[PDB]
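**Q** Take this structure first; my questions come after.
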Amino acid sequence: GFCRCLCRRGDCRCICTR
């Protein structure tokens, strides 16, 4: 239920878990 975001080679997106 928590979202943490990442930038993978300039590709930013968020991933949610819990």
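Residue numbering restarts at 1 in every chain; chains get A, B, ... in the order shown in the structure tokens, and ligands count up from 1 in that same order.
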Pick out the residues sitting within 12 Å of residue 3 of chain A, and hand them over as JSON, numbers by chain; count only C-alpha atoms, and ignore anything fewer than 4 positions along from it in its own chain.
**A** {"A": [13, 14, 15, 16, 17, 18]}
